[PDB]
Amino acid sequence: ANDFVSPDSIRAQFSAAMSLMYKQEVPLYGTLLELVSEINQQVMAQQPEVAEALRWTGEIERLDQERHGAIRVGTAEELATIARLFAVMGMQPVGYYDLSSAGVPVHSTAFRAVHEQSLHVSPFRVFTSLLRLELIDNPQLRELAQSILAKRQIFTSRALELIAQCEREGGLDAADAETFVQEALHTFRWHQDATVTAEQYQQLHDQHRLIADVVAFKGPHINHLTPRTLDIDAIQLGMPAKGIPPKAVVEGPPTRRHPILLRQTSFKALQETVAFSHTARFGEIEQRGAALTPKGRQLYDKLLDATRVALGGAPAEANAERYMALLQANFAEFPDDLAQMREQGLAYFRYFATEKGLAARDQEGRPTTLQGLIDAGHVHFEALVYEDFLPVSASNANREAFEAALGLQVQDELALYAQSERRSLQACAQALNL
């Protein structure tokens, strides 16, 4: 057909280049990566069921490089153009996260690949927030922010050319893809020289730290780059030793044998200077578990809400031991047995033909049902890994405004997970001659 490289390959290259750039900017991220590699190796050696799970699903091959980035943009035009940038790399907008409820003036989506085979090549995602200026109730401050943002140009001209070329021609060859990665990366580099005076920076920063982080800098620098660990409890035990003491409160469900959604915590990664005069860069670590169905999401939200009620306040470091204890107690009601998670329809799964099943594929007399094939060892299942982010604690005007700015509708992650599960069952049926 042509000599264009796969968008998935460009995404893997971009993720790797972002990681190297960020490590140069933020040395403690490199320290974290060394700790993640050690923890993940220990889990695989000590927990054969985890090793097997990751082999069945192919995640063992993607795990070591698996990351997400987080960025913030300031204008609708920036969001729409960044969607085009990410589309070069096979990344589509999935989900919608509105923090206007929680008092933070942003709403967001995550750009990611959508199909398990693409995700296998690279599961890189970029959580992308758009600052909302209407929620600023000091008119002169809103005007200042709008004027500063209006005239900045966060994309290099060469990046924009290669985005347009990709769209018109249907892809990029290896040399143009390499140029694209380098040009795109410039958008996300740290720049110490602010675009505002110290006075302006002060007024923006007291309105909300996030407003200054967006408006005062030349572009959308990396807010964090998060590697994936197989055991966030283990990494937390190793992180004080390395000078990145994390928040004791871990976001997400408590420890489980069969994790759900994700768990995450944060740490201070670097004190930076801003020139017109200091600002912190924070890091993050995450552990990714099973994607939940609508039913599972409803149960999750209910138990998390009950934990917060029992806490009597806001989860903070001062109450961390008590919070974590209440979280475990309340989440006892979420089944922690994979068979029940499947039978009760709480999580999405992938199904695989086993060696035993394949060897029996020409037999009559085999079990006539999916459960019967599982029971006889012909089909094996594992949870489908969650690719998205924790929901905002909980009509459509905000999502509609976001989608108008984005230039398309966000994809429904639950529909995408259902499709992954279905494709696995179809592939298993073909492999087993059913």
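Residue indices: 1-based, along the sequence shown.
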item: Missing residues, deposited sequence, between residue 394 and residue 395 (class: none, 1 to 3, 4 to 9, 10 or more); value: 10 or more
item: Between residue 276 and residue 277 - deposited residues without coordinates, as a size class; value: 4 to 9
item: Stretch exceeding the other in mean C-alpha B-factor - 309-317, 149-157; value: 309-317
item: Between 425-433 and 1-9 (mean CA B-factor, as deposited), the higher; value: 1-9
item: Residue with maximal Cα B-factor (values as given in the PDB entry) among 84, 356, 322, 112; value: 322
item: C-alpha B-factor winner, where the candidates are 71, 225, 163, 133; value: 133
item: Within-chain third of residue 330 by Cα B-factor, per the entry; value: highest
item: Chain-wide C-alpha B factor ranking for residue 400, given as lowest, middle or highest third; value: highest
item: For residue 177, the third of its chain into which the C-alpha B factor falls; value: middle
item: Chain-wide C-alpha B factor ranking for residue 255, given as lowest, middle or highest third; value: middle
item: CA B-factor placement of residue 242, once the chain's modelled residues are sorted into thirds; value: highest
